[PDB]
Amino acid sequence: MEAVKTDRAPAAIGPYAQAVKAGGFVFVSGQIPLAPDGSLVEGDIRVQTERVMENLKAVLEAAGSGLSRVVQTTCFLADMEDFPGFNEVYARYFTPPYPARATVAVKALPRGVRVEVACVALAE
Amino acid sequence: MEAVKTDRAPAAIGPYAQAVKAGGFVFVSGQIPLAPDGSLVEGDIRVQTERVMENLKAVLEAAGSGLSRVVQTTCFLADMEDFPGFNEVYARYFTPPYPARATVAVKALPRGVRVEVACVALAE
Amino acid sequence: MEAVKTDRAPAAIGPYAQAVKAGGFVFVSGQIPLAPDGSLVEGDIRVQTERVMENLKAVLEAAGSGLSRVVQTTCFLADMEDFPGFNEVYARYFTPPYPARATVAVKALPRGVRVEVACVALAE
């Protein structure tokens, strides 16, 4: 497997890679609303989701892929009431044909953020 | 990629495709207890899981795949107490060799349903 | 698809296989702090995580793969305060390049365990 590393997304501090290229796919770690400089982006679901989308885009690009190549996303929210806003921003980055998706609300996410999104995309 | 669309399963209730075929796999979105016409299927876990299973089956068939080709499922339930009933119905649709699986109880699911099941299957 | 079955990891109790080999990948079911004979390992996050890691390792090896072939992990914790410890033990089982990862916190896990981890790896 090949690890993907880019400064355009929050650095991977720990036992994980921003993304891994393997078997024709790109497995992207769950992105949170953290700026590449390590600053946490707070605010409503729309502002936080925008940062998550930018991180995903940045990692996918560094992997030689892109948003249009994403085939599956796994989305976690901390509040069911944030679904509408999340979907609106999500739709600003992902356009038809859309990826397959699974979304759920959980107790908490890394650093207390409102949203975390991981994905799988086609390589190349 | 290659999008999968069928009227035999509920239409997507967000910016996502029912399933996506890519790299030899079929990535199926998290299915919830909605009837093909989009109406909610209320009831206990056995009733709602049956609806989810039929939706999975329909999407998989439309993708040229099937339940026996599923290699991994990601199952989310809103109530840990629903695990027994979920497993019973699940066992009516998936038979050995069973898919690899992750079953976790979470805070909330789309439309406030009891269960959401996404999966990955072999395209052939 | 080929179901993986080994006695070196907690036996699958329910409608699922410990892992499935398909499409060049190995899909591993969620593992919790259970010993091979079925005994529950309690204690702090470090001790419980070790058992989970050993379970993943055993299943992966039984599948003809290994920890170094893991490309993606999905981790669930019952207490976000346990993340530091979970991350440290997790790091003991992986070496660069590390897998892509998604981590979330849930209210509670089966049998009150502190952690659960599922993953996907290359079949070598």
Side-chain angles (χ1 to χ4, degrees), chain B residues 21-28 30 46 49 52-53 56 60 65-109 115-124, chain C residues 1-6 9-32 52 55-56 59-60 62-63 65 70-78 101-123:
Chain B
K21 292 194 293 178
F25 291 105
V26 177
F27 296 88
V28 182
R46 291 181 169 74
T49 298
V52 170
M53 291 296 112
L56 286 167
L60 287 164
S65 189
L67 295 166
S68 70
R69 308 306 299 175
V70 176
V71 300
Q72 180 208 59
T73 60
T74 298
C75 312
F76 294 110
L77 287 72
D79 190 351
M80 174 68 90
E81 297 296 69
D82 282 345
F83 276 42
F86 169 74
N87 281 142
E88 183 186 328
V89 180
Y90 186 97
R92 299 171 187 170
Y93 294 76
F94 290 112
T95 164
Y98 292 120
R101 191 182 71 170
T103 304
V104 183
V106 299
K107 182 163 63 174
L109 298 170
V115 51
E116 184 184 335
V117 177
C119 76
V120 172
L122 285 165
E124 295 81 42
Chain C
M1 56 186 272
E2 182 175 301
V4 181
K5 186 178 180 184
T6 180
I13 302 177
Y16 65 88
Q18 294 169 313
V20 171
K21 300 177 65 176
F25 291 94
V26 178
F27 299 87
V28 182
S29 298
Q31 305 297 137
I32 54 172
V52 169
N55 286 342
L56 292 173
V59 175
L60 284 166
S65 183
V70 174
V71 300
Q72 182 206 66
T73 62
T74 302
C75 316
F76 305 87
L77 297 174
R101 181 173 70 175
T103 301
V104 304
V106 291
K107 286 190 176 183
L109 286 167
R111 314 183 65 171
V113 298
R114 293 173 178 289
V115 55
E116 180 177 336
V117 179
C119 74
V120 175
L122 284 166

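Per chain, numbering begins at 1; letters A, B, ... match sequence-line order.
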Just wondering, more than 12 heavy atoms not from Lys5(C) lying within 6.0 Å of its NZ?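 Counting other residues, nucleotides and ligands, NZ of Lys5(C) stays at 12 neighbours or fewer.
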
Most chain C-contacting option - heavy-atom pairs closer than 4.5 Å, from [options]:
options	result
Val120(B), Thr95(B), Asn87(B)	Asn87(B)
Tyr90(B), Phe25(B), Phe83(B)	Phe25(B)
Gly24(B), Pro99(B), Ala91(B)	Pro99(B)

Which heavy atom in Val20(C) sits nearest to a heavy atom in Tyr98(B), and how many Å separate them?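 The answer is CG2-O, 3.3 Å.
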
Please name the pair of heavy atoms, one in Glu116(C) and one in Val104(B), separated by the smallest distance, quoted to 0.1 Å.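 The pair with the smallest heavy-atom distance is OE2-CG2, 4.1 Å.
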
Quick one: what part of [X] sits under 4.5 Å from any heavy atom of chain B, side chain, backbone, both or neither?
X	value
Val28(C)	backbone
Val4(C)	neither
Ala118(C)	side chain
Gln31(C)	neither

Side chain, backbone, both or neither: which part of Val71(B) has a non-hydrogen atom closer than 4.5 Å to chain C?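 When you check distances to chain C, atoms from both the backbone and side chain of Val71(B) fall under 4.5 Å.
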
Do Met1(C) and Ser68(B) touch side chain to side chain, with heavy atoms closer than 4.5 Å?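 No, every pair of side-chain atoms sits at 4.5 Å or beyond.
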
Considering only heavy atoms and a distance below 4.5 Å, find which of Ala17(C), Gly30(C), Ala19(C) pairs most often with chain B.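 Option with the top pair count is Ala17(C).
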
What option among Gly23(C), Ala3(C), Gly14(C) has the most heavy-atom pairs under 4.5 Å with chain B?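 The residue among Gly23(C), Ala3(C), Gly14(C) with the greatest pair count is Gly23(C).
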
